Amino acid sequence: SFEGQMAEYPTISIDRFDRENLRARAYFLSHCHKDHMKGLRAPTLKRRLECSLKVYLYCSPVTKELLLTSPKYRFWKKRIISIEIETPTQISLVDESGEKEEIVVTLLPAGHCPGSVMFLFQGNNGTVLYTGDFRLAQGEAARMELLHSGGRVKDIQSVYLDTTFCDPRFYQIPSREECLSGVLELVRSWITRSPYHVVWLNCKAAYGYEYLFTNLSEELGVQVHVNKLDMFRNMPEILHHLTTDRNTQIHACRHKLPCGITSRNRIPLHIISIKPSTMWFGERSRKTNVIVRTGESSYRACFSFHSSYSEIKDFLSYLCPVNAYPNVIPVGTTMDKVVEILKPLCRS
């Protein structure tokens, strides 16, 4: 499993900050999800930063902004360097001994959550790609010019990639746009009935639902109720679509409505729940409705943080690396199953 270190560049640590990663010459954070931040504010890391002054954390501008809105990560402020998207950037890896290694890093959009990137590393031990978590539609990788060298893909030694749905059963997942349209039309059909018709979006406590909130808000002229929006203080395109006020027809608040509003003018609110949920169809199956009704007032809506099996295979086929290493072992699969699934798309 992925524990922060790529074989080709062991002195850099990505999305893991404990154990062997405490000796990193440089840190990288692909996105602000708890599963990719293990040890990032551990006392032993703070201890290590105080004895190693030339050690920085690199991330996207949006990841820097989101991380530093948390008081518990503010200690990073002096040591965090943002890298502009698709802007190859020279980084020095200094042995705190005499050793000095130069690497070039390029951030590519991952389509996973605000600030989410893949890291392409170029150095004297080959080119490697760390995808972090990603959802890339067919053809998106082909359009990324900085993955190419003279009209073919770069020679990539190793890809460390998001294998969350790397199982043939998860063959196809409806597109970002198909999922959005389904939720938008369901919400529109409900809240246009009267001012007392309201929707609860039952979402996980994680970044990545903002594009759903912004679209619903833009299209229906309504602000989405959330527990907290201060992390978007300097992100106006997200911020103005959100509200902490309960008096709205679209709620994404978290533990009827979590925020406790049950009526307006003593008229009972007419509430439906919509739970963004991963849905998929098999290789030999047809796409069905992104909206699944689970009760008189309850719905599941297709939504994915991660690429389908067909999207993983298309991406890795295209990259054609020597090696592909799964970042994730799916619950009902084995690492041997995942490694062997991808082996035919690799040069070794």
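Residue positions are given as counts along the sequence shown, with the first one as 1. Each form is matched to the other, and the largest set of C-alpha atoms that superpose within 1.5 Å is called the rigid core.
A fit on the rigid core, followed by a root mean square over CA positions in 5 other deposited structures of this protein, ranks 277 to 285 against 35 to 43 and picks 277 to 285 as the more shifted one. Put simply, when the other structures in 5 other deposited structures of this protein are lined up on the rigid core, the C-alpha atoms of 243 to 251 lie farther off than those of the other stretch, from 243 to 251 and 100 to 108. According to the entry, the deposited sequence places 1 to 3 unmodelled residues between residue 96 and residue 97. The entry models residue 255 and residue 256 with a gap of 10 or more deposited residues left without coordinates. Mean C-alpha B-factor is higher over 329 to 337 than over the other stretch, the pair under comparison being 329 to 337 and 15 to 23. Looking at 51 to 59 and 287 to 295 together, the entry lists the larger mean B-factor for 51 to 59, computed on C-alpha atoms. Considering 209, 160, 170, 190 together, the PDB entry gives 170 the largest C-alpha B factor. In the PDB entry, the Cα temperature factor peaks, among 215, 90, 122, 116, at 215.
Remark: residue 281 belongs to the highest third of its chain, ranked by C-alpha B-factor as recorded.
Per-chain ranking of the deposited C-alpha B factor places residue 239 in the highest third.
Ranked by Cα temperature factor within the chain, residue 181 sits in the highest third according to the deposited record.
In the PDB entry, a CA B factor belonging to the middle third of its chain's modelled residues is recorded for residue 266. Sort the chain's modelled residues by C-alpha temperature factor and residue 220 lands in the highest third, per the entry.
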